[PDB]
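An overview of the molecular structure
Next come the chains, spelled out residue by residue.
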Amino acid sequence: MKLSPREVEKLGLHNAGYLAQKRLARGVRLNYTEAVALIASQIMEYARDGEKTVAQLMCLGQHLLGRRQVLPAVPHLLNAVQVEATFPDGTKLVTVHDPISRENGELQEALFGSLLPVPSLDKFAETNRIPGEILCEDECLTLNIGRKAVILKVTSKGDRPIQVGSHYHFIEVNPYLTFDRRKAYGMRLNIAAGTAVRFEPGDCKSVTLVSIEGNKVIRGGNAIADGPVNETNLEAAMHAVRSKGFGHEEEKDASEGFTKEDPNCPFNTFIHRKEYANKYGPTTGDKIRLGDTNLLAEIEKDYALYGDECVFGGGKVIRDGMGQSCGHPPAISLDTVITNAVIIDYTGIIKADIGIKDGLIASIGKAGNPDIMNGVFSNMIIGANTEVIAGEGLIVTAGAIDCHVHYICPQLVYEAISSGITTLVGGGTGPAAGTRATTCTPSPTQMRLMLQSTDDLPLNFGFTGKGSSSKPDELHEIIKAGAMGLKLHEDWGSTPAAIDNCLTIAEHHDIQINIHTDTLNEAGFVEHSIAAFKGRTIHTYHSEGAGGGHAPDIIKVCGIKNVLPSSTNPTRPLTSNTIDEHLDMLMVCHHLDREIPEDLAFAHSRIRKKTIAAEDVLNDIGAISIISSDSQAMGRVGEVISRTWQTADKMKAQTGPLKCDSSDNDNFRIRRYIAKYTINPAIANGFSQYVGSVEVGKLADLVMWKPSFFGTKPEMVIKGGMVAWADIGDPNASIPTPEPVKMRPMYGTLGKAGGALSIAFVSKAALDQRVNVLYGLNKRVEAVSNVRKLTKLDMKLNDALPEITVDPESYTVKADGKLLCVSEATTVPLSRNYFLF
Amino acid sequence: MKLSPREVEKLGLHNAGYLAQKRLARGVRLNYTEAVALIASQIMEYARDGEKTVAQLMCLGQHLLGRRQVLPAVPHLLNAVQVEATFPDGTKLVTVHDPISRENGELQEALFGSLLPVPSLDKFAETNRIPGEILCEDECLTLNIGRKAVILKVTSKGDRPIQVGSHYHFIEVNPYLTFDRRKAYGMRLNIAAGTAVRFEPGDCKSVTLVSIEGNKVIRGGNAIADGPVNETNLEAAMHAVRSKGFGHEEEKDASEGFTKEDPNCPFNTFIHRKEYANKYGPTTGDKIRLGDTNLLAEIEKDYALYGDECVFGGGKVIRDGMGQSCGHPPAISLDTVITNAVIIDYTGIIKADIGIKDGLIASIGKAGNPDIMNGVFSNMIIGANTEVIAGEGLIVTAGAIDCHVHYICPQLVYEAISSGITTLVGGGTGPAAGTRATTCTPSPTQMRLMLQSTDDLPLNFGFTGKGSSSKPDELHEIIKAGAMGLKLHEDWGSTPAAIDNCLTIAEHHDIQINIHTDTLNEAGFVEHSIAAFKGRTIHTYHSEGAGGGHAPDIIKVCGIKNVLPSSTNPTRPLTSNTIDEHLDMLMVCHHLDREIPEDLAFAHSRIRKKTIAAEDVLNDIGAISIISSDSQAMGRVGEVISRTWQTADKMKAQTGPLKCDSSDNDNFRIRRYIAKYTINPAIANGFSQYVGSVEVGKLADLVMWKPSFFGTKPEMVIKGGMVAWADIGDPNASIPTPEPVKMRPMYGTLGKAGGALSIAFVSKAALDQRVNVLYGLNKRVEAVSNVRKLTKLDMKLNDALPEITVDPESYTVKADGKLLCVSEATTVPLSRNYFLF
Amino acid sequence: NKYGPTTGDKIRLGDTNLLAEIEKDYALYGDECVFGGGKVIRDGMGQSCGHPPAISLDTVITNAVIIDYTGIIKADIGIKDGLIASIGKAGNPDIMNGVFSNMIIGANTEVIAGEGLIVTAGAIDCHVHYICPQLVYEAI
Amino acid sequence: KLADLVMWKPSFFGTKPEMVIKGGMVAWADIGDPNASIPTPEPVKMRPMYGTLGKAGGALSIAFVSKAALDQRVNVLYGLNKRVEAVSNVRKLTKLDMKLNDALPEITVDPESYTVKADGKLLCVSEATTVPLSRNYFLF
Ligand code: NI
Ligand code: NI
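What counts as what
- Residues numbered from 1 in each chain as written, not as in the entry; some residues may be left out.
- Chains lettered and ligands numbered in written order.
- Part of a larger assembly, values for the part shown.
- Heavy atoms only, no water.
- Residues with missing side-chain atoms left out of burial classes, pairs and counts.
- UniProt positions renumbered as here; feature names shortened; annotations may be inferred.
- Pairing = 2+ DSSP bridges.
- Helix = DSSP H or I, 4+ residues; strand = E, 2+ residues; numbered from the N terminus.
- Donors = N, O, S within 2.8 Å, 3.2 Å for Na, K, Ca; no water.
- Buried < 20%, exposed > 50% of the residue type's maximum accessible area, 1.4 Å probe, protein only.
- Contact = heavy atoms within 4.5 Å.
- Polar contact = N/O pair within 3.5 Å; in protein donor to acceptor, adjacent residues only side chain to side chain.
- Least-squares fit on C-alpha atoms.
- Buried area = accessible area lost by both parts, 1.4 Å probe.
- Salt bridge = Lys/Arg side-chain N within 4 Å of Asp/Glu carboxyl O.
- Nonpolar A, V, L, I, M, F, W, Y, C, P; charged D, E, K, R; others polar.

Chain D has the name Urease in the PDB entry, where Canavalia ensiformis is given as its organism. As recorded in the PDB, this entry has the title "Cryo-EM structure of jack bean urease".

Where the PDB entry is consulted, chain A appears under the name Urease, with the organism given as Canavalia ensiformis. Taken from UniProt, the Catalytic activity comment for chain A reads in full: "urea + 2 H2O + H(+) = hydrogencarbonate + 2 NH4(+)". We quote the UniProt Sequence similarities comment for chain A here in full: "In the C-terminal section; belongs to the metallo-dependent hydrolases superfamily. Urease alpha subunit family."

**Considering the sheet that holds strand β9 (residues 121-122) of chain D**
The strands making up a sheet associate through hydrogen bonds between their backbones, and the pairing can be parallel or antiparallel. Residues and elements named next belong to chain D. The strand order across the open sheet formed by three strands is β7-β8-β9, and the pairing between neighbours is antiparallel. Among the strands making up the open sheet, the edge pair consists of β7 (107-109) and β9. Alignment of β7 against strand β8 (residues 116-118), held across three bridges, turns out to be antiparallel. Along β8, the bridge assignment pairs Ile107 with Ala118.

**Brief notes about the coordination of the nickel ion (ligand 2)**
Residues and elements named next belong to chain B. Around the nickel ion (ligand 2), the protein contributes the donor atoms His516 (ND1) and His542 (NE2), which lie 2.4 to 2.6 Å from the metal centre. You can see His516 sitting in strand β28 (residues 512-516) and its partner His542 sitting in the loop between β29 (538-540) and β30 (563-568), a full 26 residues away along the chain. With relative accessibility at 5%, the residue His516 sits in the buried group. Looking at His542, the relative accessible area reads 3%, which means it is buried.

**Observations concerning the environment of D:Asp102**
Looking at where D:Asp102 falls in the secondary structure, it is placed in the loop between β6 (83-86) and β7. Excluding its chain neighbours within four sequence positions, the residues that come into contact with D:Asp102 are D:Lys95 and D:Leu96.

**Let's talk about the environment of A:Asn460**
All names here are of chain A. Within the element layout of this structure, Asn460 appears in strand β25 (residues 460-466). Sequence separation between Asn460 and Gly285 is 175 residues, and the spatial gap between their C-alpha atoms is 36 Å. What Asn460 contacts, discounting residues up to four positions off in sequence, is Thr422, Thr423, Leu424, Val691, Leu699, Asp701, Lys719, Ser758, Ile759, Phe761 and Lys779. In terms of polar contacts, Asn460 uses its side chain to reach the side chain of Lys719, at 2.8 Å.

**Thoughts on the relation of the copies chain A and chain B**
A rotation about some axis, followed by a shift along it, carries one copy of the chain onto the other. For the pair chain A and chain B, the superposition axis carries a translation of 0.0 Å, the fit reaches an RMSD of 0.1 Å, and the rotation angle comes to 120 degrees. Interpreted geometrically, this transformation is the action of a three-fold axis. Proximity to the rotation axis, assessed at the C-alpha, singles out A:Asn15 in chain A; its C-alpha lies 4.5 Å from the axis. Mapped onto chain B, only 2% of the interface residues of chain A are again interface residues, and the two copies thus contact each other with different surfaces.

**Structural notes on the interface of chain A and chain B**
Residue-level contacts link 110 residues of chain A with 129 residues of chain B. Between chain A and chain B lies a buried interface of about 9,800 Å² when both sides are counted; carbon and sulfur atoms form 55% of it. Of all residues in chain A, the largest losses of buried area upon contact with chain B belong to A:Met1, A:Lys2 and A:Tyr747, amounting jointly to 11% of the total for that side. Linking chain A with chain B are eleven salt bridges. Of the charged contacts in the structure, one is a salt bridge between A:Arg160 and B:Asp553, with a shortest N-O distance of 2.3 Å. Between the two partners, chain A and chain B, sit 66 residue pairs in polar contact. Per-element accounting of the side of chain A that touches chain B gives the leading share, nine residues, to helix α1 (residues 5-25) of chain A.

**Here's the deal with the pairing of strand β19 (residues 348-357) of chain B**
Note on strand geometry: in a regular strand, side chains alternate between the two faces of the sheet. All names here are of chain B. Of all ten residues that make up β19, nine are buried, and the element is covered over most of its length. Inspection of the sheet shows strand β17 (residues 301-302) paired to β19 by two bridges, in the parallel sense. The residue of β19 that forms the bridge with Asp302 is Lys351. The antiparallel hairpin formed by strand β18 (residues 336-345) and β19 contains two residues in its connecting segment. As paired strands, β19 and strand β20 (residues 360-365) are joined by five bridges and run antiparallel to one another. When the sheet's bridge partners are listed, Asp353 is paired in β20 with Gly365. The antiparallel pairing of β19 with β20 creates a hairpin that spans two residues between the two strands, and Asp358 there sits at a positive phi of about 60 degrees.

**Section: the interface of chain D and chain C**
Put simply, an interface is often sized by how much accessible area is lost when its parts join up. Facing the nine residues of chain D at the interface are nine residues of chain C. Counting each side, the surface lost to burial between chain D and chain C is near 790 Å², with a carbon and sulfur contribution of 71%. Our count for the contact surface shared by chain D and chain C stands at zero salt bridges. Where chain D touches chain C, the interface holds two residue pairs in polar contact. Looking at side-chain class alone, the side of chain D that touches chain C contains seven nonpolar, one polar and one charged residues.

Spelled out as structure tokens, the structure:
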């Protein structure tokens, strides 16, 4: 065969398209992935026939699928489909535009080549909301306010077309443009940023120019007016215009004035809010739908001055001397800048540019050129050494932190980073039996081996040891070796003696203690474990008890002040299929038999509907502060984020807005829930200063999202200022977009680069021992700290302390005397519109 | 499932076979890949049935497909199909020989197991050239000229057979062979090299022996006659023959004489030219078709003396004391040798052996043993520490250089090396928006990160910085950090001031400047950019301007002496589908709207049929010297080679042979076009002393091609004397050939070996700073040089300087006053016979 | 005495009878690069301020008498990245005439005073017997 | 075995070696003035040779550790350029394994007079007023 790599990936695309074809043939409404796969594969097959031209397939691709063959969200999620295909002329790109544009598609065209029976149009059932929509006001914003303005008359004496950008210095335009070059000094076109004005040969146009702001320094272009804006440089520029032969004709009666906040001012350029949001992303007061959920994030504020947005492209703002600063020290220029980004964080939902330098979030605010723009600080200068990432219409979020990973395989690392998790904390050594059940890395030899094996991966890593011992010796040994925490587990012995020993060791070493308590109640009930805590800080994994813990009342720990509670994802939210799944999964895990009464009694005592339904409310009100994975140990590493937002959606459906929220937006709920997997795990584990939020000085572990895909599939995962993972298409494509578009690893994953972008979190004892030198780790290594004085009040936005009471018989849960109960959710968002399987 | 790694690959093979089955069922004629996939998959399914023997499937595989179910080239491309399958008695290899041997195949057998409807034989349409054929003369070559010859009478007294090779010392043969051992001293069988004479037990034969040449030293065998050929050693050998009991019987009247250039001489052995070309590959005067193209490469000369070809195998020349030297220093022994290779290079098209030592091309000439052969120099000795690569009937070409790579993903690196590109020059940091448009690596941090990430890849790498600045500060900073060139780009500002600044910096630092001129004509027209050049050397990317540049007449730079122009592949050659593809590709790239008149006007001004037709003539006459990719930025990395040859084919179809060519061969055109991606990029970028040609002293970045597959899919890519990538079959196969045959990475890609075989090209400023030590690079690092005094006359075979004139209105292009116009090509070679998708 | 000999002067080489005459001098009289308290090489006077950081010399030997097989001259030697970056006149092109871009004294430039000293290329000894490592110290 | 050799002049045996070879390379040697025309002239001192410089001294030596430490690969943990080997065969040793010194006398010491008997015979040696290998050789 001699198959090249692109043939292999195209064969995978064809297999996905054939799966979509079978599903379409049996009459199900396809989702986004299936529709894209079908359209791409059918375009490839029609190209393989060789009886069509590229334009014919551009027209044909719009007829394959209609609105009735796809889910109601697909027409909004699916704007175009690029694909490469080998015609008789060779490989050609062909792109379908708005492929879903009819009520019904041509199903014979859609299933062509598959040799499957074409289904009748009746087979597609009938039953909406736009994922990622921007809800704007019906207002026209006004650009370039408080500036000196002049309306000039320009005529082209050239024989070729001449576009000029919005921020290009107008006195330095092509010499074959004739106009009053004296009145264009220190001026730029008063038009929307990133747009242009075109002068066809001989064309005559009346333009409006507004003064540049900032330091008012002209650089670049033709070097006609190289220098600050003043009278002497104006005379020098006019002498250069006359000498070098640049078109100049005085217009004595030109119109002069100022741009005002006036609808009837002749110098003002207006732009509708919808057009503004389409061009640069939403501004203050707009709202964003988070995926296909019911949550609306309103932009609390916006750092941009309208008219000076940093837009990169051909003939756009970020260019030499216009939006790329040129006359500044090389060493204050940003390494990277994410432009026009909507930042969702636990602190707020804002619109800003994120400047990244040396792998840290250098600044958040307005970027650009202080020579040309107002409001640009010295930590936000875009220089000639600055890479640009376009955040127009994308959401920037901090990389998620998963604090309950079982290192059972290295493929869960790829699955986690592909979903936007940049930090894993947990324990394990592989698929050994001890780590399938526990997040313990027992041996120091295994600690060294796991720190060495994960050294090249572009994630932050933290490993915990086995704290289930009644004497402190081996705990000291494993903390000294690199363990940043200890784990008490029922399978090693989670008795009160072990709890006391592990907690005094934690107070000695300033590490966090994770506990999975005794489900059998063999040494005592939950009150005796709480007594063993002795008021000391402790993190409780899966505090509900579905993952495990004192049957039935482990959930009482959500009311204790010194206990930091967390939840695992497989119960988030309660749904119709949750109990059967969890019961029989528990039976599989524990090798239990349904036919023996004791085994089924244990299973039913441990998997409880009422206590999970209470867990949902406790997550909503802030009594549970962290949502983790428990990966491959009753947990899914790639669903910490999505499941969290699903919970939020459910709690808006069945409880309405929170008290702090209103009918306008869901900003407080969004902040509370995004804190559960970004900042609260970081505070709990003791590395809050490095990761967990989009804050200046923190590591640049960022995740880009389309608002239509928020919570399911990110556009790219940036690790330490470099793109670690991203959605990319065919490597042999003419552009990056053509199918198959997969979440692939980028240059941040190769060589010794992935270690240069990330941190290995260890204990203070291990860093004092310089385990990064002993083990030969290329990664950065930092010590965890500030975890022993923590109470529930330190969890951001999740500091509630209800008085929990569980009935021993009926398992009814009351918080402050009020019953906690929520209905089962028959559906969830962020699941079915997005995933092939 | 517990799927082992081989089951996954066999499942992929089955998927490819099922795709081929669906295509065959709808009645298209399969290509090579589809036919191989179908035959292998069907053999696997018949084995899975368990009702067939291996012989039954050997016979059955020849009847699945006929000549009417496959393209006309497939019967010549497809000689056999090996496949490994699980029969009821375990895993067995079954291989089909000449699987296309009927007009029509058994379509029920071909589609067996798929449950698809068998198509009637009428559905396959009707419409020849042999890919890779060797056109030889009707002449018989004569072996071993000017040697002393004796015809002896040998008889076997053994009870089991004795086969003797062509170069084995005949006095050293099995003791049970009786013959005149005195007349066999210093003699070897006068037969074709690598062949043998078989003595069945009791068999009595008459053989002809000719003297060995060179130093005439006998080594190895039975150690009967070790030493130089003389009288004293003859007497010692005869004493050893008598003592050790070797069969000896004097033949007083044995015929003796000399081998002559005479057809009717009794001592001469003749071999036909077709048999010679089949056995050892073509010799002087033969012709080779390059793939399925129109082009015929004639062997200009051959370094081989007929009779002493270095052939490796069982009982063949390269053996201890016959073709493997024994009495030389271990150090002068070659590390490896490519034998009997046809070398296509811009210098010439020759037949030679390539000796590689320490990762460099140690020598080109005749390899072997100077003790036994004439014409072997001390830099071409095959010793006991020499690996052998068989170039018999294969073409060896220098690894291609792609000078316009956008480092958007690391998968394009695999795509490039799998197609024969060994050196990438360009810029980028990942899928950031700044690098999807430009080949700029802006930050020094990103320069370090990218040099570290590509440290283990087995390719040569060169990174360029962002030169679009009006002051030199950040340009100095990024050149000092590792950048070996700068890119001026319209997206950052490609104005005359930036051009002047970047060019004076280039003159300072001795790096090359690549430019993407201003398409908007915002600061100047093309004459003003040329004025900004000020006669200084500059590389111009995609000089035609489809990729971008001054609308419509950037192509005028092809006439400027100091400009080194290049073209990108997606316009190479003009075909019927090119304009629609490029128009709508530009529309998606620049986010343009077809319904806005200005946007469509810009798009039509940029994508022009007349200049895209002009660049074909300009590449043919040599006015365009380099063909690059522009990978994933309107460019395909894996088609730099194929597209180039496609253009050559087109320009032979529509213009005939060049002036320097004749009706016999196309050697000058082949050299001119192979210079466009091997040597000219190397000269332009400043590392032509290391890579870019099959020349002694250069790095051994070689690509071995089957002549039928030349230009599409190489047999292997050697990097620094080690096989970096190769076409290999199932890992669990009994031999390397069985399907699925994929181009896989070899041991050159693992560990710290990939860096040991490559060069990272940096600036002189960076090598003086020792960035290979600062960044911890295991790769070799060299400085680029000799790029500022270059003119068009330094590009090899592409030094033409036509006087170009473009019409402002009609876009008509004239070179020296003559209209340049080429017809659209409705088909191309090297595309459809070879690729699955 | 102040800056070292200029064109036409002569220097006795040690206590030998050999006189090295300065063949030529790159200095413009009045703009000698002298480092010290209240001297020429200062910010904005003889130390340049308005140039890229990366063209500044790493080191500059000032007012040096260079004896070499090519000639016996008087010049400043600019060193950058461990190589002899340039030989000529160092200083500030804002204030001084005859300063090229490879001879700019910036704020990242170390100064060695060659006033009245002779500069020679390090000798090459091609017949060393590596009998001990102490001869290396004696040689250097 | 490792080539840890010591070359002595027979007139100087036991006091001052001519050279100490470590792993086939001269580690230390008696050498004279570095600027002498030959190695012999005074002051002749025992000086360290090229075996003691750079990463050569580790290339010629062995760091003896336990088996537990070699299993842990402490040569990799600590970044040692020296060769590392495990000690072994020390638990089954008796007096009879010491070469040429395997005698086992029955020793008896008097508690009061400290008189020592071996196999019942008094052990007594006179004090030596002089020793060789001390005064003919050492300056101090
Ligand atoms: Ni757990
Ligand atoms: Ni370009």
